[PDB]
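If you're matching positions, the sequence shown starts at 979 in PDB author numbering and goes up one per residue.
Even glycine gets a Cβ: it sits at the ideal position worked out from N, Cα and C.
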Amino acid sequence: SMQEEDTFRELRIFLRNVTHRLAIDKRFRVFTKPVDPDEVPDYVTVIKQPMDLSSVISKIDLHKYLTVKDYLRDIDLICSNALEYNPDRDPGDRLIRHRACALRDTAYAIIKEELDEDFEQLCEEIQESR
Ligand SMILES: CC1(C)CNC(=O)c2sc(N)nc2C1
Ligand SMILES: [Cl-]
């Protein structure tokens, strides 16, 4: 219905806002663009499901997220990919893992505080009815 299209549009507006606040954070600059296969040739082979904040933005506009759960799945994916690909004890790896976890935590914290549970519930029930 027209009412349901309004709900998903509100969701997309909310998700764009959250993602923008993550993307401008200097700690998360590394997660703002896809991995360059030139600088990093073995990434695409090791990480089967690449994800970054620019791709998240693209998926929002393509109406790929009907719930915040769908959205958070991709956020978690950005984090889990970073932990998997950079697992060593060296400072370089430990820094990006720390930043990855901070990205995940920040996203969840923003949503915990600003997302209405009834709004999310409505999104889920509309989604489950399709
Ligand atoms: C450090 C880098 C070159 C490779 N290792 C990574 O974890 C990622 S994930 C991403 N979106 N960019 C990079 C850049
Ligand atoms: Cl909301």
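- Not a single heavy atom of ligand 1 lies less than 8 Å from the C-beta of residue 992.
- Comparing alpha carbon positions, the residue from 1044, 1066 and 1034 closest to residue 1055 is 1034.
- Counting along the chain, residue 980 sits inside the alpha helix (DSSP H) bounded by residues 980-1001.
- Note that the stretch 1072-1083 does not touch the stretch 1011-1028; fewer than 3 beta-carbon pairs, one per stretch, sit closer than 8 Å.
- In its chain, beyond the 5 residues on either side, 1013, 1059, 1062 and 1063 have a beta carbon closer than 8 Å to the beta carbon of residue 1025.
- Under the three-state reduction of DSSP, residue 1105 is assigned to helix.
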